[PDB]
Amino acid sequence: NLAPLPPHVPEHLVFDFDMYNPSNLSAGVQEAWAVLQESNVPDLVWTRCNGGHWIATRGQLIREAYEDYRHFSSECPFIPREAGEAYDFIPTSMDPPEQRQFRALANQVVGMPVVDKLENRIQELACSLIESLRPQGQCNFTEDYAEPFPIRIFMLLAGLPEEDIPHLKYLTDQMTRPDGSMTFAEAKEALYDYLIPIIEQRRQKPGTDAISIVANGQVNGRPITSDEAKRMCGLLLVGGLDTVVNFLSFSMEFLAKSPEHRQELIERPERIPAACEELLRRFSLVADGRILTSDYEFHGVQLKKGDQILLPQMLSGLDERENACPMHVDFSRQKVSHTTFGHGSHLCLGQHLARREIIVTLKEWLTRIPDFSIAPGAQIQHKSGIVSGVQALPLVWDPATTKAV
């Protein structure tokens, strides 16, 4: 449906892009979003889809808006409006100044020091999942690796049972790529229904898991409330269950389709960290945004207090004004410009865990299964939303070309 055009929005800026079902989706989701960067499309457009909102289409504007939290508030960061209003996760639903104190606590559970306590288990799980698949000569990559690898690591970190994954993954996905059966508010309250008692049990009897550490944490020297803990833990679950999970499939689809790039990383494994960064640029996948706190003229466009603006993190690095030949993957690219992990005060806190999971996957997969392809006659379908993904990724290989370590 197309919402009525607000009185302050001129017709010439109207471009009815649907972030949950973009028209060019069959080309690939990044390609579908990149239609917003065709030469005739303004830097800032209005879509009547999903209740009506602005979209900044160029890295310059996306970066500026993410830096200016005084005009572009995180209080209502999701489209549609109902979802942004219900959205209350911490720290993401807060602006500075109050946001900042919560970042340190989140860093205690997903930050670089914690990656250190997990490196060996991350390594061991990647290797065991890949070795189990290796002799089969085929897999459904989304279900067989992309999901279980990051999700089981998160569930370990959080001290949550693996048999809870199907329920939690379903709920998480309703917040980013809703199937229509639940509103954001319903999904969020179901997630909170799961968490609240676990949080109370771990405040009564603390363990060493991430939920215990958040629930018994301090924020700038005072105790976190049960409610704040819940709102932080919800966000951590969503990051654990619906970010890397999707990104790995874009990356593995690319490698399945580009033997040259596989060989590069096999021959020059020192390049894997750089490859991770270039893949994070090319297969960027997040798009949230902000709400206007006041009327504001931005790049010659009149914005009105309460207007939502989508600021797609995905688009900055695909912008030819940020990177030449942006749809080309070049592992030797000298300045890999992107906002894949966000920009401004809300920079991703999970990014070190994400990079470790990506780099481990690339190294351990190519060590064992250097030669693989998309299954015969398969046409890979993507899906779009707050976080975009790959619906299915059937891969095949000849087991004779693989190596058990």
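When you see a residue number, it is the position in the sequence shown, counting from 1.
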The stretch carrying the higher mean Cα B factor in the deposited entry, 9-17 or 380-388, is 9-17
Check the entry's C-alpha temperature factors for 317-325 and 184-192, then say which stretch has the higher mean. 317-325
Residue, from 296, 154, 247, 78, that the PDB entry assigns the highest Cα B-factor: 296
Among 82, 179, 277, 147, which residue carries the highest C-alpha B-factor recorded in the PDB entry? 179
Thinking about Cα B factors across the chain, which third does residue 342 belong to? lowest
Relative to the other modelled residues in the chain, which third contains the C-alpha temperature factor of residue 402: lowest, middle or highest? lowest
Comparing against every modelled residue in the chain, figure out the third that the C-alpha B-factor of residue 25 lands in (lowest, middle or highest). highest
Which third of the chain holds residue 307 when residues are ordered by C-alpha B factor: lowest, middle or highest? lowest
Grab the CA temperature factor for residue 212 from the record and place it in the lowest, middle or highest third of its chain. middle
